[PDB]
Structures are given as C-alpha cells and as structure tokens.
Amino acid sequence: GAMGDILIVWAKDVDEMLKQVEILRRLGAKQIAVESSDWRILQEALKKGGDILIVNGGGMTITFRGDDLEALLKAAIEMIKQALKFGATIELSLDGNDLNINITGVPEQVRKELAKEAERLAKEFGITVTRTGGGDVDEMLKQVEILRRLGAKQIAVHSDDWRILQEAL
C-alpha cells in the first residue's frame, strides 16, 4: 500500500494477536508480520495465514502485571536503567494491567542477572512477573526450523540478538 508493504504487530497474547491481525485486515492490511518471544504465538500467527515472523533467540520478554500502574512503572524503570547500562535494546508497551519489556543484545550471564532482578523488583513493588523466551541457542535453532516447516517464508531477528547468538555459536 501507499505507506508500506508490511505491518509489524508485537504480540504478547494469542487472542490479542488474532484480534489485532483481524482489525488490520479489516482496515485493508495485506501483509502482517508478528513479533513475539513466545514460539506458540508465532505458530498461531502462521496458522492465521501470516508468513513473516520476528523471533527473539538470546533475549527475553519480561511482563510485569498488577492493578497499580505506578508500581508496574517503578519496576519497569529499574529494569530499563540496568538493561541500557548492559548495552541492551529495549521495546516497551502497556497492555491493560501488563507492562511488556522486550530485551535483546545482552549475553546469557547478563540475561540471567536481569531475569533475577525482574523477580526481586516484582516482590519489592507487590506485582507479578512473567519471563518469555531466552536461555538456549539450540532451542532457538530448533524452533526456527519448526516455524519454517509450519510455512514461515521470512524470519527476522534483531541484529544485536543475532550477534550475541553468533558469539555463543
């Protein structure tokens, strides 16, 4: 179309992903790329008729959940300060009572430390935390192979994430 060829949807929930894809298709969108750390969300994106996916191999999505937004933001801000100091690229979104933080471009030991801090910060600020993706380059290669078998035509990766994984490989 006039503004571009591909719309990028960052999906954190299968039902929200399918709802967002249908909303864009009704507005006349022809190609929708789905980004997720969750392999099942990407498989569901292929099942819905997509073939462009954005994967997270060496990184992770941290999701803070709670009714007090100011508590979510205090926890998120500490994660942001640390991740940026460690040289990470970060993606942020607020989805209802969920604050989603995608972290790429840090090695395994730093990822492990950030995941530990996420648990600590959640307990401090009286909220819950979920971690999706990260922790195995072999699992990444396997899951990418599975997406291709399920009909993925173009798989995109953050360059910082790819460089971390090549250093590991």
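Start at 1 with the first residue shown and count on from there.
- Look at the mean CA B-factor for 52-60 and for 131-139 in the entry; the higher one is 131-139.
- Between the stretches 17-25 and 155-163, it is 17-25 that shows the larger average CA temperature factor.
- Split the chain's modelled residues into thirds by C-alpha temperature factor. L72 is in the middle one.
- Ranked by C-alpha B-factor against the other modelled residues of its chain, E44 falls in the middle third.
- Sort the modelled residues of the chain by CA B factor and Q82 lands in the middle third.
- Residue-level temperature factors show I32 in the lowest third of its chain, judged at the C-alpha atom.
- Annotation for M3: CA B-factor lies in the middle third of the chain's modelled residues.
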